[PDB]
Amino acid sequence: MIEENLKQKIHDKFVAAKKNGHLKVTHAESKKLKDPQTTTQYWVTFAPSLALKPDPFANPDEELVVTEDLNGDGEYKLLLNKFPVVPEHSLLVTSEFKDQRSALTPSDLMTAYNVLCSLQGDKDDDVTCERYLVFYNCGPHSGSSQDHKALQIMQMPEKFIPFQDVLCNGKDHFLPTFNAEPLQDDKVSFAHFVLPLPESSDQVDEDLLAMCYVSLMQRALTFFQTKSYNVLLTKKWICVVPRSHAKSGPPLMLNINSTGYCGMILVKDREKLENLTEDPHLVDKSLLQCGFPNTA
């Protein structure tokens, strides 16, 4: 069983690590944006410190280790991200080296969801603004700068509505067979694949996540059939985005990882920021550049 009192554990661990100089929060500023062409909401984060920047999980510094084991099995460590933008940003990393190009185990995806659940005690979408994204950057094109398997868990912003939400609104959880495939928003430019999840975690077992993933991965795989994709997970839904380049073309040339594809863009350069702000649709075009054409 996954550790309890987890959130308190991460938080306590975090302030301590921040206090002690073991991890450095990237200074950043974020504002909302609306794509005037596609309606998509964007959350743009400016972190110019990062423009400075041009297996760390092997023997992690002990101060960054939240739990040396996570479940009963010797399977997982939970780590603090050492260079977070969003505070308390964490890492679910395999006890033993397993490839960053490796696909997620059913227990991979299943352990993730539990971490999500530790973190939001629910009680409503209409009670709290607390909320969390799980993501996995898989393959050279996905934004992965790292080769060891790591699932990332980080707070999402308080008033922000990623397009996936509006996609799954209404829309009972299911799996593609014949009528409706995984959901795809036809307004945006990039191929992506989504399915809603049961409103109750009561209904969420390692089996359902497993099946959801695989089928999403089936549709996203056809974009090759080298191999890279993003995986996004929230309590409300799960998403898979086939991926072509790690870095967008000419207008902006943004390094985009998993976050981009729910609309959260990390910008390291002022001009680009100002360009985005002037014309938010360019984000959508960048997402095309790093991705594949929207197939909806």
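In case it trips you up, residue 1 is the first one in the sequence shown, and so on.
Per the record, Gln225 and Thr226 are separated by a gap of 4 to 9 residues from the deposited sequence that were not modelled. When the mean C-alpha temperature factors of 74-82 and 133-141 are read from the deposited coordinates, 74-82 comes out higher. Per-stretch averaging of Cα B factors for 37-45 and 246-254 places 246-254 on top. Of the candidates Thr26, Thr67, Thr259, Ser30, the one whose C-alpha carries the top B factor in the deposited record is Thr67.
Of the candidates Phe160, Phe190, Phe193, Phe97, the deposited coordinates give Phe97 the top C-alpha B factor. When the modelled residues of the chain are ordered by C-alpha B-factor, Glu88 sits in the middle third. Among all modelled residues in its chain, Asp185 ranks in the middle third by Cα B-factor. Among the modelled residues of its chain, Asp165 has a C-alpha B-factor that falls in the lowest third according to the deposited record. Sorting the modelled residues of the chain by their CA temperature factor places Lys236 in the middle third. Among the modelled residues of its chain, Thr111 has a C-alpha B-factor that falls in the middle third, as given in the PDB entry.
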